[PDB]
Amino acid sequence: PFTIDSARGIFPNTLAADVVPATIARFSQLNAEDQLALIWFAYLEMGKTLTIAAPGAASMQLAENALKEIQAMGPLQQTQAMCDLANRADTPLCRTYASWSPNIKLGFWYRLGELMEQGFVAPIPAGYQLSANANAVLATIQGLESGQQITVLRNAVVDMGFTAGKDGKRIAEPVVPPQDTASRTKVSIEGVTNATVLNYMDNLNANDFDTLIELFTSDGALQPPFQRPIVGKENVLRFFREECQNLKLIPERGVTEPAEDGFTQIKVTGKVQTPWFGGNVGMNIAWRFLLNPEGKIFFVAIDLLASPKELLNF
């Protein structure tokens, strides 16, 4: 209950899927052309059984100029531009890309994937063979659960490009209006009646970010899977609005324990769906809450779990 960084240690039994950042670190070592080929390979195979949802119209508008610029290049330049993004080179295209929210980056690559499939953007060279390190990285990816697979792909996409400056322009999709109160569903969590946890889940499922943020302490933090804590209401609300639209949280069961100084620690396990895959991918998730004596959220961590065997009382 003293520091955000120490609260990171609550529920230390929770086995997170650290194969995801491990695999991202291996991927990030590879030659840029192998990075592009590997994801092409993974994308094609995954597309045999899982269809990515189409990017939103606003997103496509925001990426359109950059996409047109690439589409106007000769093939060798197209390949160089994509390598620039993978290498995190400092170029105008890489700076534009870095200014984008994850969803806009994902929609940019969604479009390039379609154009490569159609032959209008320089495809991976025919008969391309991955490097020794890259073939093993792909093998690991293809052995993971789909929820882990899609998280590796997102993290590879978000990592590309070049950030120059701390207070650089941030481009994101417009904020969706919250769900009308009448049509809202309420979660049920075995073992957990805590109103702050239930209101957390219900407000996020309704895209009601202004209500959600009011659950937090001023200095409170939210820790997304495999990322550092996002600290204080402005940064956490920013994150909700830019990155947390149209999720479906399906918490199942939890446990509630006292913590030092009248705090309460609560662990919930369940599933989450991203709007990119809808009901076809259910990620296995834990939430770890540290609530102050008044019930506000001092800290919440969201963990991608190593296996369904990490869900409480499987």
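A residue's number is simply how far along the shown sequence it sits, counting from 1.
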| property | result |
| --- | --- |
| Test item: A164 lacks coordinates in at least a third of other entries | yes |
| Stretch with the greater mean C-alpha B-factor as recorded in the entry, comparing 266 to 274 against 66 to 74 | 66 to 74 |
| Entry-level comparison of average CA B-factors, 229 to 237 and 174 to 182, reporting the higher stretch | 174 to 182 |
| Candidate residues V137, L144, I104, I124, the one whose C-alpha B factor the record puts highest | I124 |
| Residue with maximal Cα B-factor (values as given in the PDB entry) among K248, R253, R26, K48 | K48 |
| CA B-factor ranking of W100, expressed as a third of its chain | middle |
| Among modelled residues of the same chain, the CA temperature factor third for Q149 | lowest |
| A259, C-alpha B-factor rank within chain (lowest, middle or highest third) | highest |
| CA B-factor placement of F120, once the chain's modelled residues are sorted into thirds | highest |
| Cα B factor band for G220 (lowest, middle or highest third within the chain) | middle |
